[PDB]
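Structure first, commentary second.
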Amino acid sequence: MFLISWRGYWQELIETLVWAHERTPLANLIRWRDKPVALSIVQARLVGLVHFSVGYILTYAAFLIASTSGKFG
Amino acid sequence: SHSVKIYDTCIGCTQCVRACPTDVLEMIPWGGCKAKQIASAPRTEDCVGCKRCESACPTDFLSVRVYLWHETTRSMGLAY
Amino acid sequence: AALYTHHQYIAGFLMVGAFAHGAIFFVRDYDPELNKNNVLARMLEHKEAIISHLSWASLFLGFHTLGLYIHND
Amino acid sequence: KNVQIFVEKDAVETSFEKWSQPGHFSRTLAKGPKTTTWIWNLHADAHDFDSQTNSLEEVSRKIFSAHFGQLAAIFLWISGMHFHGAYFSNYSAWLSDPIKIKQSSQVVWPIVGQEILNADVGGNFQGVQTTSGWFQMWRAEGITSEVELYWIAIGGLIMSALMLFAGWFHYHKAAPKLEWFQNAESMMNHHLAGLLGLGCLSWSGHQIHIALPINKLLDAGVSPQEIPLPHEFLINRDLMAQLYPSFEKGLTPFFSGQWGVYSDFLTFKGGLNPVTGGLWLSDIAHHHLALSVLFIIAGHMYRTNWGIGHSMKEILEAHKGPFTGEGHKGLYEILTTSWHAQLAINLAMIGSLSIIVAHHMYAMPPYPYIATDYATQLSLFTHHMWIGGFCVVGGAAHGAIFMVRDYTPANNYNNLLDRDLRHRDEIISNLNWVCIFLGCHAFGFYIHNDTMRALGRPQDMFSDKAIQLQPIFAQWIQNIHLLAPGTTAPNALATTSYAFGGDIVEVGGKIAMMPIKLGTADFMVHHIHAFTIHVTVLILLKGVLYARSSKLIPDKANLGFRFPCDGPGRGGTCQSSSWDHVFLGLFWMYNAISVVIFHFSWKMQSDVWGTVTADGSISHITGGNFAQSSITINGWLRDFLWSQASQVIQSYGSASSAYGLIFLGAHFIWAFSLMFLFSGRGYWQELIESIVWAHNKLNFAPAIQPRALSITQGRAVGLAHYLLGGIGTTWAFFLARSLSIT
Amino acid sequence: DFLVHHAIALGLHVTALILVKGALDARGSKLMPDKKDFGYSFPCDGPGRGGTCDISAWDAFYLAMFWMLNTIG
Amino acid sequence: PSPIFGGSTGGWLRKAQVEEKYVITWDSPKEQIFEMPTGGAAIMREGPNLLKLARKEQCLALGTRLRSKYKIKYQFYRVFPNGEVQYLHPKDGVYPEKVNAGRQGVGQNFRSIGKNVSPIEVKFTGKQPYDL
Amino acid sequence: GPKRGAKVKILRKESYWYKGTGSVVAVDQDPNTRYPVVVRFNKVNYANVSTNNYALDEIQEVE
Amino acid sequence: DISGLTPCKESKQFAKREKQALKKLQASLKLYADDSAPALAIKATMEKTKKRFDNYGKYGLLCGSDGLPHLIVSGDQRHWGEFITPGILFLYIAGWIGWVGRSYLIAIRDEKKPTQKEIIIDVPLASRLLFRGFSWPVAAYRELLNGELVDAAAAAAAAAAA
Ligand code: CLA
Ligand code: CLA
Ligand code: CLA
Ligand code: CLA
Ligand code: CLA
Ligand code: CLA
Ligand code: CLA
Ligand SMILES: CC1=C(C/C=C(\C)CCC[C@H](C)CCC[C@H](C)CCCC(C)C)C(=O)c2ccccc2C1=O
Ligand code: SF4
Ligand code: SF4
Ligand code: SF4
C-alpha cells in the first residue's frame, strides 16, 4: 500500500476528513494540536520498506522453524 | 520556508515568473544579458516548492533553483 | 536451521549498510582537492565503466541462469 | 422534417502516403522522433481522436468507422471458432454421447515434444480441451453436422469483409455530417425496435421452427442421422404436428386472438430439463417472443419526424425538485456533444450487464449438457466477472475525462452536476467512513476467528456453532422464491432456479443444480463483497469529483487528465491526477473480483457439485467443508489455495502440463511488475547514461536517444503486468483444477 | 548445486550494482549535476526534464533492500 | 459585492478566523459565469466583485482564469484575525512578468551553478553550499 | 575565439553536452553579456532543448 | 569417470528411463484402432522417443545416478560437442549481429535525418550491410588497430563527478 499508492492521493483524502471533523456537532469540542497531513514522499518509502521487510522475515521464520520441528528430519 | 536562488546564466525570458502559481518570483532591471533583466525571488515564503519554475527555465543547467526548506502552513499548502 | 538463516539475514543488513554509509561519505565528506589523482578519486573518474560492466555481468547471469531453468521446466 | 440524412461525398483520399509517416495524426509527433519517448507516445495517442482534431464532426467520423473495424474483427473471430469446430473437433462423437466424450476444438502440431497437449479426449480424437461452451451452444441451435458449421464459417468471413468495406466506405467515400450523428431520439427508436426487437423476433422464429423440434428428437434418443434436414421442418406440417400437435390449426388462432392453443411451444414451466439439465427450450421460445413485443413497443417512445412521441429534452428538464434546484437541465448538450460522457454511462452499464449475465448462467443454466461440465461453468462465470470488472472502471475513467475536457461551467449553472461538485467534500468524507466501518467489521470477523481458533477457543468464534451471524434477510427471500410457483406466479410450474430450494437435478450421475443454503459463513463473505466494492467506488468517485480542482491543486484541470504530479512541494503531489485515481482503482477491482471468483469456485465445490449413488447419497467435491473452514484466513489458505493446488502442481507429464507452465509464467510476470511499481524513473535514467557511455566509447550510439520510461508510463506498465500475472496465475489454477473434477 | 550458485551469483551482482551505482552517482549525474547540494536523502527533483523519481542516493539504498532480501532468500 | 453563488462545502475552515484569510477584488464590465477554485460555478456581478478564499494559490488561480479567459484585472489581500490587512498582488501595481524600474535583486548567486562549493568545505558550520 | 559557424567543444562540466561538439551561431559583440555565444546542437537534452549560451573560455575549437 | 559419472550406454538407470517412457506411450496406444490417426501419431511418437535414447547412448554423454545426461564444461576437448563447439558457433552469430547493427548506425549517422532511418529502415542499404558481417573477426580487428573502434576520452560526455 505504501509502495504503490503515492502521496497526493492521500493528502486530498485527509482534507475531507479534516473538514468532516470540523463540521460534526459534539466532536467539535475536541481538536488536534498538529495539523493532520499525509506521510511524505521519503517517509512512505521507508515505511513501506519496513512492512515489506518485517513481513518478509517473520513469514520465513514461521516456515523454516515449524517445517523442521514438525517433521524432525 | 523554501530557498529559491537565481544564477547569472539567467537570460531573462520571464518564463519562470509566468509559471509560478503563488507569486514568488518577479523580473527586475539587470545589465548583464541581452534582455537586461534577471529573475529575482523576493517572496520565497509563499513558495510551495512545486518546481514549475524549473520546468520552464530554458538554460542548461537551470538559472532558477529551488531547495527544500523548513515547512510552514503556507509551504505545506494547507487550507485548514 | 534457525542459526544459519539468522546470521545470513544479518549479514545482508550489514553489507547493505556498508554501501549505504559509503554513499553518505561521498555526499558530505569527500574532498576532491584532497585526493587529486588519488586511488579514491580515480574510482569516480571511470565510474561509468564500473557501472556499465557491473550491468553487463548482471544481464549475462540473469539471461542464462533464468533461461536454463525455464528450458528444464 | 428534423430527422434527415446528411453525407459528405469523397471526404478523405485513400492513399498509402500517411502509412509511411508514423505520427501523422498529431501536431507534436509529426516532427519525428528525437528520443525513444516518441515511440511510446505514438501508441498512447493513436486512438485519442479528441486530441487530434478540434472538429466534433471529424471526431465522430473517426469513431463511426472504427466501430466497423471492431465488428469486423469480431466476425473474423466468430468465423474462426466455427471453422475450428468443423475441422479440428469431435463434435459428431460428442453429439452421440455427450456425457462421456469430452469437448475439444484445438489440435497442436508435434514439433518440440509438445504433442502431449493433445489429450486423450474420446471419439478417436486427440486435442486440447476447450471450455468456451461452443458445443453446448451448437446443440441448442440444433446443429448436428459439421457441414452446417462450415456455412457459418463462410458466412462469418463474408460478414467480416462487409464490415471492413463499410468502415472504409463511411470514412472516405460517404462521410456523414454532424447533423446525422446528433439524432438521439431517432437512434433510440431504431436500437430498441430494430436491433433488439427484430433480433428477438427472428431468433424466436429460428427457435420455434428449427431449434425446438430437433432438440425434442435428440432428447428422446434419436441419433442425429435419423433426424431430417432442418428445412424439412419448414415444409411438412406432418413432421411438425407429430411433435407439437397445434400446427394443425396453422396461423389462424394467432389472428383470432386465441393464443392459448400454442401452449405446446410457449410454456412457462420453469426449472430445468431432467434429461439435459438445461432450461426448457419451450420456455426460451416464449422468452424471446415476450421480449420482442416489449422492445418493439418501447421503440415508439421518441419523436422523430411525426409530431407524436417524446423529445428527450422536455423530459429531463421537467424533473426538478426543491432539493435539486434546476435538476436535469443541460444533460442534453452534455450527452449529445461529448463522446466521453457517453462511454462513461455505456461502459458502466455494459460492465454491470456482464456481471449480471454471469450470475444468471450458473443458477439457471441455459444450454443443454452445460451444467455438468464444471470446467465450462467455472470458466464462463469468471470470464464475465473479469470483463464486467474492467468495463465498470472504464466507465469511471471516461467520466473523469469528461470533467477535464468537455465540461464547461457556463453550460451548467446550478444543475445536478454543478451541485455534486459543491458538496464533494461530503460525499467523499461520508463514503470514507463507510469504508472504514465495513472493513473493520467484515475483515475483523476473520481475524477474531483466526486468533480464537489459534488460542484453543473455538466456542467463541463467529460460526454456525458459536456466535451466529445468520443472514436472515436473504434466507427470507429464498423462501418467497420457493413458494412462488403456484401462488405469486400461478401459471409457473416450477421455480426459476433450484438455488432457492426445491429438488436436485442430475445428468449422468453428476449434480446440475441444488438448493444453495446460506449460513453465517456465507454472511461474512457477502460483507467482504460489500466492502471491496465500496472502496473501489471511493477511488473512482473521488477521481471524478476532484478531476478539475482540489484544496491541494486549485488548477488541476489546466494540468490535464493524466499528468504525473505537480512536484515535490505542497508535501507530496504524486498521483493527484484523475488518471492516477483510475490507476489505483484498477488494483481494487482486481482485489474485489478475485474474492468473488474464489467465493464462487469454493461454494459450488463444497455445497453443490458432486456425484451420487443409490438412495440419493450426495458426495460433494470437497465434501462440505464450507461452513467450518472459510471463517478463518488459515482455512482459506489451507483448504482452498493449498489443497486445490494439487492439480496444477502435479500436471507435469500429463496433457494439462501447459497449465503448470502458465502457472509459473504468471507468477514470474506478477513479480516482474513490482520492479515498475516500486521504483521510479530517475534511478533508471542515470542507469541508462552509464550504458550509453559504453556505446559512445565504441564510437556508436542511436540517434533516437534512449530515455527511461516516463513517470506515467512506468505506472501503466507495472499495472498491466500486475493484472496479467495475477489474473493469469488464477486462470491456470482454475482450469487445471476444474478439468480434473469434470 | 550448480544452478543455484549462479542464481546466488546473480543476486550478489545486481545488489552490488544498485549499491555501487548509488555511491558513485551520489555527487551528481547527467540528469542532476548538482546532486551533492541537496544531500543524501531527498524526494526528487520534480517532474521537470522528464521526471526524477528515486534520484537520490538514499533511494538506491531503498531499492537495494529488495535485492538483499531476495538474494538471502 | 459578493458574486452570485449558492454556497458549497469547499469554502473556508477555521484557519480563516484563526490564521490569515485572503480576499480578491476584480472589476467586470458584465455578468458572466466563472468557475470557482473551491466550487463549480458562480455568476460575477458587473462593477466591483469581492471574494474571500483560504489560500494564496486559490486566489492566484482565479486571477489566471480571470486574465486570459475574460480580459479583466484584480488585487489580492491578506487579512489577519485582529484586522490588519496586507496588500500582495500585484506588489507594486505592476505585474511580476513585466520589468519595473525600482525593483531590486534578491537571492542571486553571481556565478553558474557548477560553481558551488563542496559540502565538506562548509563542515560544522550552520550553512549550506548554496548559501555562500 | 570562435566566429559564426565554427565547430566547438563544450568545456562546461554541468552542461548536458560536456565533451561534445556543436556549432556556433551568434557571438554577441557587446562584452557586457557574460555568455555571449549562442551554440546550437543537433541532439536535445532532457528538457528537449537544442541550444545554450556560453562564454569564450568554455568552448574549444575542432578542425 | 569425471565426478564418478558413468557413460549413458552403460547406466542401468538410463536404460530404465527408456523403457518406462516407451511403456507409458504403449499403454496409451492400446485404446485406439490400428489404422486411425491417433494410433499413427503415437506410433510415430514412440519412434521419435526410441531414436532419442539410441542417439544419446552412442552420443558419448555422461549420466549420473539419476539416469540423466550431464554436461562437462571444464574445457576438456573430449566433451567439446557439449560446450565448446556450440559455443564457438554462438559467438560467430552473436558477434555477427552486433557488428552488422553497428555498421548501420555509423552509416546513417552522417545525414540530415539519422533518426528517420532508425524507425524506417533503408532496406536496400540494410540488406547490403547484414551480409558483410561474415568476416567480422577480421573487420573488428582492422578497426581496433586503426583507431576507428574506440573513441578518445575527450569525445564522451561524462557526469560532473568524473
Ligand atoms: C521476478 C521479478 C523481477 C525480475 C525478473 C527482474 C529483472 C531484472 N531486474 Mg529487477 N526488481 C524487481 C523484480 C524483478 N526484477 C523488484 C521487485 C524490484 C524492486 C523495485 C526491482 C528492482 C530493480 C533495480 C533497481 C534493478 C533491477 C535490475 C534488474 C535486471 C537484472 C539483470 C538481469 O537479470 O537480466 C536478465 C533479464 C531478465 C531476467 C528479464 C527477463 C527477460 C526474458 C524475456 C528473457 C528470457 C530468457 C531468455 C533470454 C530467452 C531468450 C530471448 C529470445 C528472444 C531468444 C532485470 C531486468 C537491474 C538492472 O536493470 O540492471 C541491468 C537494476 O538496477 N531491478
Ligand atoms: C482469429 C481467430 C483465429 C485464431 C486465434 C486461429 C488460431 C489458429 N488456427 Mg485458424 N483459422 C481462422 C481463425 C483463427 N485461427 C479462420 C477464420 C480460418 C479460415 C480462414 C482459419 C483456418 C485455419 C486452418 C486451415 C488451420 C488453422 C490453424 C490454426 C492454429 C495454428 C495457426 C498457425 O500457427 O499459423 C501460423 C501462421 C503464420 C506463421 C503466418 C504469419 C503471420 C505473420 C507474418 C504476420 C504478418 C502481419 C504483417 C506484418 C502485416 C502486414 C500488413 C500488410 C501486408 C498490409 C491456431 C490455433 C491450423 C491448425 O489448427 O492446425 C491443426 C490450421 O491448419 N486455422
Ligand atoms: C533467436 C535466435 C537467433 C538465431 C539462431 C539467429 C541466427 C542468425 N541471424 Mg539473427 N537475430 C536474432 C535472433 C537469432 N538469429 C534477434 C533476436 C535479432 C534482433 C532483431 C537478430 C538480428 C539479425 C540481423 C540483422 C542479422 C541476423 C543474421 C543472422 C545469421 C548470421 C549467420 C548467418 O548468416 O549464416 C552463416 C553463414 C555462413 C557461415 C556463410 C559462410 C561464408 C561463406 C562465404 C562461406 C561459403 C561456404 C560454401 C557456401 C560451402 C559450400 C561448399 C560445398 C562443397 C559444401 C544467423 C542465421 C544475419 C543474416 O541474416 O545474414 C544475412 C543478419 O544480417 N540476425
Ligand atoms: C553500527 C552500525 C550503524 C550505525 C552507527 C548507524 C548510524 C547511522 N545511520 Mg545507519 N545503517 C546501518 C548501521 C548503522 N547505522 C545499517 C546496518 C544499515 C542498513 C539497514 C543502515 C542504513 C542507513 C540509512 C539508509 C541511513 C542511515 C543513517 C544513519 C545515521 C542516523 C540514524 C538515525 O537517525 O536513525 C533514526 C532511527 C530510526 C529511524 C529508528 C528506525 C527503526 C526501524 C524503522 C526499525 C523499526 C521496526 C520495528 C523493529 C518493527 C517491529 C516488528 C514487530 C511488530 C514484530 C547514523 C549516523 C541515516 C542518515 O541520515 O545518515 C546520514 C540514513 O539515511 N543508515
Ligand atoms: C433498424 C435499424 C438499425 C439497426 C439494426 C442498427 C444496428 C446497429 N447500429 Mg445503428 N443506426 C441506425 C439504425 C440501425 N442501427 C440509425 C437510423 C442511425 C442514425 C441515427 C444509427 C446510428 C448508429 C451509430 C452512430 C452507430 C450505430 C451502431 C450500430 C451497431 C451497434 C453494435 C451492435 O450491437 O452490433 C450488433 C451487430 C449486429 C447485429 C450485426 C449486424 C450487421 C449489419 C449492420 C446487419 C443489419 C442490416 C439489416 C437490418 C439486416 C437485415 C436482415 C435480413 C435477414 C432481413 C448495430 C449493428 C454503432 C456501430 O457499431 O456502428 C458500426 C455506431 O457507432 N448506429
Ligand atoms: C469501449 C471501450 C473503450 C474505448 C473506446 C476506450 C477509448 C479510449 N480510452 Mg479507454 N478504457 C476502457 C475502455 C475503453 N477505452 C476501459 C475498460 C478502461 C479501464 C481499464 C479504460 C481506461 C482508460 C484510461 C485509463 C485511459 C483511456 C484512454 C482512452 C483513449 C485513448 C486510448 C488509446 O490511444 O489507447 C491506445 C491503445 C493501446 C496503447 C493498447 C494497449 C493495451 C494494453 C496495454 C495491452 C493489452 C494486453 C493484451 C490484451 C494481452 C497481452 C498478452 C501478452 C501475452 C501479449 C480512448 C478515447 C486514455 C486517454 O488519454 O483518454 C483520452 C487513458 O489515459 N482509457
Ligand atoms: C493487506 C494489505 C492491505 C491492507 C490491510 C489495506 C488497508 C487499507 N486500505 Mg489499502 N492498499 C493496499 C493494501 C492494503 N490496504 C495496496 C496493495 C494498495 C495499492 C494499490 C492500497 C491502496 C489503497 C488506497 C488507494 C485506498 C486504500 C484504503 C484502505 C483502507 C480501507 C479502510 C478500512 O477498512 O480500514 C480498516 C482496516 C483494515 C480493514 C485492516 C485491519 C482490520 C483490523 C484488524 C480491525 C480493526 C483494528 C483496530 C482498529 C485496531 C486494533 C489493533 C491494534 C490495537 C493493535 C485500509 C486502511 C482506502 C481508504 O483509506 O479508504 C478508507 C483507499 O482509498 N488502500
Ligand atoms: C525497469 C524500469 C525502467 C527501464 C525500462 C525500459 C527503459 C524499457 C525497456 C523496454 C524495451 C526497450 C522494449 C523491448 C523489450 C525487450 C527488448 C524484449 C523483452 C521481451 C522478451 C519476451 C524477449 C524504466 O524506465 C522505469 C521508469 C519508471 C518507473 C519504473 C521503471 C522501471 O522499473
Ligand atoms: S517552487 Fe513553485 S511556487 Fe516556488 S517559485 Fe518555483 S514555481 Fe513558484
Ligand atoms: S531563470 Fe529561466 S525562466 Fe527565469 S528568466 Fe532566467 S531563463 Fe527565463
Ligand atoms: S516523486 Fe516523481 S511524481 Fe512525485 S513529486 Fe517527485 S518527480 Fe513528481
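Numbered from 1 within each chain, the chains take letters A, B, ... in sequence-line order. Computation of the quantities below employed the complete heavy-atom set of this structure, encompassing side-chain atoms and omitting hydrogens, waters and symmetry-equivalent molecules.
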**Prompt:** Would you say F583(D) and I4(A) make side-chain contact, with heavy atoms under 4.5 Å?
**Reply:** yes
**Request:** Output the distance between atom OH (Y67(B)) and atom CG (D34(E)), rounded to the nearest 0.5 Å.
**Result:** 5.5 Å
**Message:** Check this for me: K697(D), atom NZ, are more than 12 non-hydrogen atoms of other residues, nucleotides or ligands nearer than 6.0 Å?
**Reply:** yes
**Prompt:** Is the side chain of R681(D) donor-acceptor paired with the backbone N or O of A708(D) at a distance under 3.5 Å, no angle test?
**Reply:** yes
**Request:** May I ask you to test the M32(E)-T52(E) pair for a side-chain heavy-atom distance under 4.5 Å?
**Result:** no
**Item:** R707(D) NZ/CZ over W684(D) ring centroid, <6.0 Å and within 45° of normal
**Value:** no
**Asked** Would you say the side-chain atoms of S118(F) pair up with the backbone N or O of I120(F), donor to acceptor, closer than 3.5 Å?
**Response** no
**Exam field: side chain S52(C) to backbone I691(D), donor-acceptor pair closer than 3.5 Å** = no
**Asked** If you measure from CG on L10(E) to CZ on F60(C), what distance do you get to the nearest 0.5 Å?
**Response** 11.0 Å
**Asked** Side-chain donor-acceptor pair under 3.5 Å between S63(B) and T9(B), yes or no?
**Response** yes
**Message:** Does either side chain, that of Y54(G) or that of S15(G), offer a donor lying less than 3.5 Å from an acceptor on the other one?
**Reply:** yes
**Asked** Can you tell me how far the CG atom of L12(E) sits from the OG1 atom of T71(E), to the nearest 0.5 Å?
**Response** 5.0 Å
**Asked** Does CZ in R109(H) sit with more than 12 non-hydrogen atoms of other residues, nucleotides or ligands closer than 6.0 Å?
**Response** yes
**Request:** Determine, for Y7(B) and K115(F), whether the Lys NZ or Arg CZ falls below 6.0 Å from the six-membered ring centre while staying within 45 degrees of the axis.
**Result:** no
**Asked** Hey, would you say the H6(E) and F2(E) ring centroids sit under 6.0 Å apart?
**Response** yes
**Message:** With a 6.0 Å cut-off (strictly less than), is the heavy-atom count around NE2 of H721(D), excluding the residue itself, greater than 12?
**Reply:** yes
**Asked** Hey, are the side chains of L69(E) and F52(A) touching, using non-hydrogen atoms and a 4.5 Å cut-off?
**Response** yes
**Message:** Rounded to the nearest 0.5 Å, what separates atom OG1 in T15(E) from atom CZ in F19(C)?
**Reply:** 10.0 Å
**Asked** Under 6.0 Å from the NZ atom of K123(F), do we count more than 12 heavy atoms belonging to anything else shown?
**Response** yes
**Asked** Cation-pi between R715(D) and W6(A): NZ/CZ under 6.0 Å from ring centre and within 45° of the ring axis?
**Response** yes
**Request:** For the pair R65(B) and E54(B), find out whether any cationic side-chain nitrogen is under 4.0 Å from an anionic carboxylate oxygen.
**Result:** yes
**Request:** Mind telling me whether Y62(E) and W58(E) have parallel, tilted or perpendicular rings, with 30° and 60° as the class edges?
**Result:** parallel
**Fill in**
The reported gap from OH in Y130(F) to CG in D37(E) (rounded to nearest 0.5 angstrom) is 8.5 Å
**Prompt:** Any donor-acceptor pair under 3.5 Å linking the side chain of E686(D) with the backbone of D25(E)?
**Reply:** no
**Message:** Counting C-beta onward and ignoring hydrogens, is there a side-chain heavy-atom pair between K5(B) and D131(F) closer than 4.5 Å?
**Reply:** yes
**Request:** Without swapping roles, check the side chain of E14(G) against the backbone of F61(B) for a donor-acceptor pair under 3.5 Å.
**Result:** no
**Asked** Any donor-acceptor pair under 3.5 Å linking the side chain of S690(D) with the backbone of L687(D)?
**Response** no
**Request:** For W17(G), look at atom CH2 and say whether over 12 heavy atoms of other residues, nucleotides or ligands are found less than 6.0 Å away.
**Result:** yes
**Approximate separation, where rounding is to 0.5 Å, of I57(A) CD1 and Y9(C) OH** = 6.0 Å
